[PDB]
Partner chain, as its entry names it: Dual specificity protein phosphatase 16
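Quick setup: one chain, the form deposited without the partner chain, written in structure tokens, and binding and motion questions come after.
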């Protein structure tokens, strides 16, 4: 039956059909997941972001990502993870079900924009501390992100930082992905881009890349393709040890081993004082502490790379430490088989439909 509670508006090519409470939709984002609109929620009396997922059950690749983002957004409640305000489908039946609409708080900026500003040590360390808190919270429920990037981290005018997405799940970070959209790889750890095993501190590499960018004002490892990405890492940080090499699959290993041998540059040369606030005693010490933290996160071999907990305890970060945010109880994920399931198209359609309905 027609439900008078919905209306339709065309945003670019695609149509949004939303509850009438959501007014004045404006497109703010696009990508592989779907279209994001800013809107005014007349019931909450605040601005929100509405993301449309089109036919998320269409194949398992789409379905696994949609499903886990629904489940996790609903069961996580943490200052540094984007919250779910609402979720709905305009279609009225399982048979007719097509689209899912995610409603989130509308944040004021993404971290790309925040990076463009000149940030003193207190602002950089606070934003990094918050990133570490959010990552630690995910890790505590066994969720390793693997794809953290500034475009998927947003910030509020009160300085609260929130991670927007939940990462690569149990997929291969060097397997083919059918998609028309560009995929940003600048922040992915060596072990991801070389197709190696990983552990929690895979996400520390990404934090290091973001921190270095915050300081320098440009992407640290802006590879124009997979080839270039690796080249840019080794040129700056040095060729990794033979022990690390022995982990690589034959084709990758021969390539990596036959690159020119780079010594790398010191973190003092990579991140000179000129790039930092450094007009005082506090600020000069802080620059050394920052380089010390970078030198522990931007480590190619993850077995020698610092952990999230160790980073939270680092003198650059720990000035902000509060166990209410840094030692929160882990998310309780209700689906005990999250990320361990293979399903047919119709099974995924019903799982995602129920998730929307809490049935």
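Residue numbers count along the first chain shown, from 1. Only the largest set of C-alpha atoms that superpose within 1.5 Å between the two forms is called the rigid core.
Although it is not shown, the form deposited with the partner chain bound is what the next lines describe.
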According to a 4.5 angstroms non-hydrogen atom cut-off, is residue 185 in contact with the partner chain in the deposited bound form?
-> yes
Looking in the deposited bound form, any heavy atom of residue 193 within 4.5 Å of the partner chain?
-> yes
With a 4.5 Å heavy atom cut-off, would you call residue 255 a contact of the partner chain in the deposited bound form?
-> yes
Does residue 93 reach the partner chain in the deposited bound form if we count a contact as any heavy atom within 4.5 Å?
-> no
With the partner omitted here, the residue among 249, 283, 151, 98 that in the deposited bound form has a heavy atom within 4.5 Å of the partner chain is 249
Contact assignment for the partner chain in the deposited bound form, among 244, 267, 166, 230, heavy atom within 4.5 Å | 230
Candidate stretches 202 to 210, 271 to 279, 256 to 264, 98 to 106, one within 4.5 Å of the partner chain in the deposited bound form by heavy atom = 256 to 264
Quick one: with the rigid core lined up, which of 275, 141, 248, 109 moves its CA 2 Å or more between the shown form and the other one?
-> 248
